[PDB]
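Protein chains in written order, with the authors' numbering: chain B, 28 to 564; chain A, 28 to 560.
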Ligand SMILES: [Zn+2]
Ligand SMILES: [Zn+2]
């Protein structure tokens with residue numbers, strides 16, 4: 028059951044340590060001082076997320092810290108890396124004695140509750156109370172009279188969020204960048220109002236050298252319903268050259284939406300008008316932004332009301348992606364692919380596809396009407412929504428990448444590298460774990476490719492793309508996933524993930540030859556540490 | 028201006044490390060097993076209290092766990108000992124860089140709020156709702172509609188309290204001590220219902236080898252109002268024989284109340300009926316029960332309704348008292364007192380006075396009516412209540428000790444040792460610091476003694492009791508403090524604390540000569556850690 032110090036050191040070493048140094052010599056003094064305050068606010072996301080993941084985390088940490096044995100130090104490292112006593116890579120197997128199984132409910136729901144109890148209470152509420160109860164930024168608690176009630180995040184986490192708000196406000200007073208001041212002010216305010224709409228708009232309107240993402244966003248930690256958002260931060264320095272090169276993609280979105288291989292009625296004829304894309308070098312992440320496998324890029328807001336009315340912002344973490352490529356993808360390709368396809372794995376393809384993935388998160392069905400009630404694909408699919416959506420983004424990303432190479436917007440060299448790089452990366456992602464949204468979604472795609480003849484298994488164990496079947500296979504899964512989403516068909520989604528969201532034995536064979544290769548990275552944010560020491564008061 | 032590693036290590040060393048070992052060999056197996064589960068629940072009060080004291084604590088703790096230089100390690104130890112970045116012995120001076128001055132409000136009140144703002148909001152509520160807002164077991168937060176609201180503790184700390192409730196319910200199933208089962212079950216329920224009355228009664232009715240005190244109790248950490256309770260635990264093993272020696276005191280309570288040296292109308296004509304007294308050897312403490320200076324004993328509940336209707340329970344932590352007396356009081360007595368008076372220091376006098384102190388917390392004014400409004404002494408005096416109530420308990424404890432010696436209930440030997448032992452302890456408590464309730468209250472007493480000539484300073488700078496002036500001095504201060512509480516006179520309380528709650532030059536000179544003596548103790552709960560593995 029429980030690993031010894033060497034077994035645990037080894038498990039933790041699957042996250043290759045990387046010192047994440049980011050050049051900040053180009054920033055004026057004032058912007059470094061603002062950045063230090065921002066960093067200080069960001070740090071607060073770490074204990075916030077820790078206690079979202081599990082209410083017993085703070086208590087355990089105090090136990091872990093007293094044990095300065097070598098085993099104890101490995102346990103503390105593992106705990107901090109995984110934000111809890113469960114191995115995120117190994118289907119949440121505990122590595123600390125005396126802990127229970129990882130609760131799907133995290134610390135978002137009533138003490139003692141079951142999923143069934145929560146659902147039954149929600150369904151007894153009037154419409155408006157249901158939407159409040161099932162929203163991103165409320166917890167659910169048992170009140171003194173024993174009945175369930177909704178608590179706004181601004182109230183749940185007030186102490187911590189007040190301190191974060193104060194630091195963002197101090198940052199806002201130091202920066203000379205107007206769009207950053209505005210974001211910082213409005214996000215400080217949102218923390219305490221619980222209304223994120225204005226501050227998300229300000230966030231999308233950012234055009235500054237410092238690109239802070241901070242607040243409650245992703246729902247992967249709510250394993251019951253995928254309703255409740257987790258606190259996170261990513262704080263980066265804008266890479267202007269790379270950002271400018273991508274601006275042209277925003278203009279391609281409405282056309283892609285207009286041509287989605289689904290029933291025409293299901294298409295969005297008017298996407299939100301904001302589609303900023305920013306390339307940044309990240310110099311800090313926290314909360315849900317620093318646990319297990321590192322985030323490479325993202326598309327926010329997730330909140331469909333803001334996204335429908337305004338659009339969404341895609342962020343690429345270039346330096347993180349270069350580390351993943353270098354330290355994981357290239358070594359994987361050497362084992363997973365036949366010798367002749369290894370030259371067709373390129374960072375340009377990897378990067379580009381990640382971009383297409385974030386672009387396509389913002390396209391396809393989101394707000395939908397199911398059985399006479401207006402809802403959202405996410406709300407309809409509940410705990411199945413995350414895996415399905417990641418699959419959709421990945422597969423429709425390829426669909427869109429092909430379209431944009433065809434029209435000349437993307438380089439023709441991507442015709443040679445796009446699918447083979449994706450195939451190597453399928454092995455990369457599936458090693459995140461079959462219960463992890465990206466991992467599960469990639470297993471479903473890869474199985475789809477095998478079942479349609481778009482990838483094949485060779486006799487040396489390696490896998491390879493079969494080009495003449497790839498494009499139609501990509502298009503079919505795009506159609507399947509989006510149509511299931513549009514229907515709000517939770518039962519179909521569950522069945523598909525149960526049947527196809529698995530590691531087939533040919534894939535497991537490759538995974539056994541990759542035990543010597545890291546699964547992802549462990550950032551040490553050396554520049555962020557020094558900024559806060561040098562500029563922080 | 029912050030301390031370096033060796034300086035901070037020396038600071039922390041003023042809490043003398045004590046291995047706290049408790050003999051559990053006479054507990055049956057099932058009771059040891061329930062004790063473990065109880066100890067698991069108790070551990071939860073540590074992070075609960077950390078978060079109550081400062082919203083910045085969990086974030087700071089993660090920074091400190093990562094600095095493993097020798098400075099880092101001393102910073103972590105001091106952080107855990109003081110339950111925050113502020114030195115509880117040095118007027119809350121920070122010992123961590125980048126930390127603000129300790130917030131009086133802790134993490135009980137709304138983000139960005141001032142004390143004046145909370146006062147105005149409360150005053151603006153319907154009388155019905157003011158009680159909820161100024162009660163022990165709600166936090167106050169700004170809601171999204173902009174306005175302040177009340178959050179029950181059972182909602183505010185839900186996750187952690189659910190885990191604590193689960194563990195107490197597990198303990199209840201293991202133990203075969205019926206009354207312990209009842210307490211553990213009702214307390215588990217209380218954590219989630221936020222109504223502690225029934226479980227307090229069950230806690231007072233306990234008759235078991237294991238004495239678990241666990242829940243939200245003392246208000247010292249609310250430096251604005253003294254409204255809000257902090258989570259704590261004290262887990263111990265009953266000393267049967269010592270407990271039986273004290274059973275007789277319960278019967279003395281109403282009689283003591285009946286004779287308090289105040290306007291007779293102010294006396295309570297009928298105390299709550301319950302007055303259990305327990306002597307226990309503590310084997311674990313947490314939350315507000317393990318920060319800085321250790322608690323020696325206590326009187327709970329603080330909830331004046333339960334107390335008035337049902338009574339209160341007094342618990343003496345004998346092993347902790349023994350360590351304080353040996354390691355601290357005794358060495359102080361050899362400096363602070365003239366050589367002739369030193370033989371009149373005794374553990375019996377020290378122990379006895381602490382008991383009187385705990386008895387007298389439960390007597391005197393509590394529920395009072397101030398300007399047409401039913402209230403409590405505590406809520407009327409706000410941030411001044413704690414130091415006034417501690418001075419009351421100490422000085423009225425001497426008044427009661429003297430009365431019980433005069434009656435024959437306590438032995439005459441205490442006539443020789445009670446005042447002189449208390450004088451040495453006064454130097455003990457004032458070293459906790461002038462901003463700490465016990466220390467400020469003891470300053471107020473020692474200075475009253477100086478002013479009435481009940482204690483004098485000798486030419487060699489030592490202090491000594493003047494016996495023929497002491498009894499009357501104790502009585503007038505008892506009268507002063509109780510009358511002040513009865514009137515709910517917060518202005519007078521503030522004025523008395525500011526004027527008399529200070530370390531005078533003669534005392535400071537003694538304190539200088541005490542630089543080598545520990546201030547208190549740091550428990551290492553060796554038996555508790557064994558039970559939980
Ligand atoms: Zn995605
Ligand atoms: Zn007291």
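Just so it is clear, CB atoms sit at the ideal spot from N, CA and C, and this is done for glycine as well.
Ordered along the chain, which non-local residues of its own chain (more than five positions away) have a Cβ less than 7 Å from that of residue i?
i                      : result
residue 109 of chain A : 115, 318 and 319
residue 359 of chain A : 451, 454, 455, 541 and 544
residue 48 of chain B  : 553 and 554
residue 63 of chain A  : 558 and 559
residue 218 of chain A : 181, 188, 191 and 192
residue 508 of chain B : 415, 418, 419 and 422
residue 347 of chain B : 309, 321 and 323
residue 75 of chain A  : 184, 187, 258 and 314
residue 284 of chain B : 294, 295, 298 and 390
Mark residue i as exposed unless 16 or more other C-beta atoms lie within 10 angstroms of its C-beta, in which case mark it buried.
i                      : result
residue 337 of chain A : buried
residue 468 of chain A : buried
residue 305 of chain A : buried
residue 341 of chain A : buried
residue 84 of chain B  : buried
residue 286 of chain A : exposed
residue 61 of chain B  : buried
residue 227 of chain A : buried
residue 444 of chain A : buried
residue 523 of chain A : buried
residue 326 of chain B : buried
residue 29 of chain B  : exposed
residue 137 of chain A : buried
residue 379 of chain B : buried
residue 132 of chain B : buried
residue 101 of chain A : buried
residue 197 of chain B : buried
residue 95 of chain A  : exposed
residue 570 of chain B : Residue numbering for chain B in the displayed model covers 28 to 564; residue 570 of chain B lies beyond these limits and cannot be assessed.
Beta-carbon within less than 6 Å of residue i's beta-carbon, same chain only, minus the 5 sequence neighbours each way: which residues are those?
i                      : result
residue 57 of chain A  : 201 and 203
residue 571 of chain B : Limits of chain B in this structure are 28 at one end and 564 at the other, which puts residue 571 of chain B out of reach.
residue 265 of chain A : 236, 238 and 307
residue 533 of chain B : 484
residue 384 of chain A : 420, 421 and 424
residue 459 of chain A : 320, 465 and 466
For residue i, list the residues DSSP reports as bridge partners.
i                      : result
residue 176 of chain A : A:168
residue 243 of chain A : A:258
residue 381 of chain A : The partner list for residue 381 of chain A (beta bridge, DSSP) is empty, contrary to what the question assumes.
residue 12 of chain A  : A query on residue 12 of chain A cannot be resolved here, the shown segment of chain A reaching from 28 to 560 and no further.
residue 46 of chain B  : B:551
residue 401 of chain B : B:396
residue 309 of chain B : B:263
residue 304 of chain B : B:341
Given residue i, which residues of its chain have a CB within under 8 Å of its CB, disregarding the five upstream and five downstream residues?
i                      : result
residue 176 of chain B : 167, 168, 169 and 170
residue 54 of chain B  : 62, 236, 237 and 264
residue 152 of chain B : 160
Any residue with its Cβ nearer than 6 Å to a heavy atom of ligand 2 should be included. What is that list in chain order? A:384, A:388, A:417 and A:420
Fully enclosed by the region 492-553 of chain A, which beta strand (DSSP E) runs are 3 residues long or longer? 547-551
Enumerated in chain order, which unbroken segments of the beta strand (DSSP E) with a length of 3 residues or greater are wholly contained in the region 31-116 of chain B? 42-46
Alpha helix (DSSP H) runs wholly inside the region 265-293 of chain B, at least 4 long, in chain order: 267-273 and 280-285
Enumerated in chain order, which unbroken segments of the alpha helix (DSSP H) with a length of 4 residues or greater are wholly contained in the region 433-457 of chain B? 441-457
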